[PDB]
Amino acid sequence: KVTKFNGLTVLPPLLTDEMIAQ
Amino acid sequence: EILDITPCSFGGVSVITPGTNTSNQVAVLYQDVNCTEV
Ligand SMILES: *[C@@H]1O[C@H](CO)[C@@H](O)[C@H](O)[C@H]1NC(C)=O
Ligand SMILES: *[C@@H]1O[C@H](CO)[C@@H](O)[C@H](O)[C@H]1NC(C)=O
């Protein structure tokens, strides 16, 4: 249901969705 | 001929360090770059 190159970096979250599910 | 312009790779560099009082070994993390551009 839930849905550039200018120095804007999107860091990844520490807990991937997999461990959150656990 | 039609050319794509993709900006050259870049990103922040962060250093992993245990506290100096323990040791001076350091490992470097290159953010969001494939391990080829290095
Ligand atoms: C940190 O290093 C100092 C040396 O100046 C020492 O006195 C201290 O005990 C050290 N601390 C730890 C937690 O190793
Ligand atoms: C890095 O490039 C290789 C191509 O040799 C590719 O297989 C790999 O998925 C790439 N990794 C990233 C994070 O872009």
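Within every chain, residues carry numbers counted from 1 in written sequence order, not necessarily those of the entry, while residues missing coordinates are excluded from display. Each chain is given a letter, starting from A, and each ligand a number, starting from 1, according to the order in which they appear as written. Readers should keep in mind that the chains presented make up only part of a larger assembly and that every value pertains to that part. Side-chain measures here rest on the full set of heavy atoms in the structure, leaving out hydrogens and waters.

Header annotation of the entry names cryo-EM as the structure determination method and lists the resolution as 3.4 Å.

1. Examining the overall build of chain B
Strands here are runs of E lasting at least two residues and helices are runs of H or I lasting at least four, both read from the DSSP assignment and numbered beginning at the N terminus. Scanning chain B for helices and strands turns up 0 helices and 2 strands. Along the first, second and third principal axes, the C-alpha atoms of chain B reach 60 × 15 × 10 Å. Each of the 38 residues in chain B was classed as buried or not, and the buried ones make up 3%. Total accessible area computed for chain B in this model is approximately 3700 Å², and 55% of it derives from carbon and sulfur atoms. Each residue is assigned to one of three classes by its accessible area relative to the maximum for its type, calculated with a 1.4 Å probe on protein chains only: buried under 20%, partly exposed between the two thresholds, exposed over 50%. Shrake-Rupley sampling with a 1.4 Å probe provides the accessible areas, and residues are treated as covered by the protein chains on show and by no other component.

2. A word on the interface of chain A and chain B
When the parts of a complex come together, some accessible area is lost, and that lost area is often taken as the interface size. Any two residues whose heavy atoms approach within 4.5 Å are treated as being in contact. At the junction of the two partners, chain A supplies 6 residues and chain B supplies 4 residues. Salt bridges are identified by distance alone: a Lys or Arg side-chain nitrogen within 4 Å of an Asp or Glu carboxyl oxygen. Where chain A touches chain B, the interface holds 0 salt bridges.

3. A short note on the side chain of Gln31 of chain B
With respect to the helices and strands, the residue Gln31 of chain B is situated in the segment after β2 (27-30). With relative accessibility at 17%, the residue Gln31 of chain B sits in the buried group. For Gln31 of chain B, the residues in contact, after removing those within four places along its chain, are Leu11 of chain A together with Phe10, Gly11, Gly12, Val13 and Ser14 of chain B.

4. As for a nonpolar patch on the surface
Residues and elements named next belong to chain B. On the surface, a nonpolar cluster with roughly 590 Å² of combined accessible area is contributed by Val13, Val15, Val26, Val28, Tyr30 and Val38. Contributing elements (two or more residues each) for the nonpolar patch: β1 (13-16) and β2. Considering the arrangement of structural elements, one finds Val15 in strand β1. Candidate patch residues must exceed 30% relative accessible area and have no salt bridge, after which like charges are joined if within 9 Å and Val, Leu, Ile, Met, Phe, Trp or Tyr side chains if within 5 Å.

5. Points about the environment of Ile20 of chain A
Following the sequence through the fold, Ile20 of chain A ends up in helix α1 (residues 17-21). Taking the C-alpha atoms as reference, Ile20 of chain A lies 19 Å from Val10 of chain A; in sequence the two are 10 residues apart.

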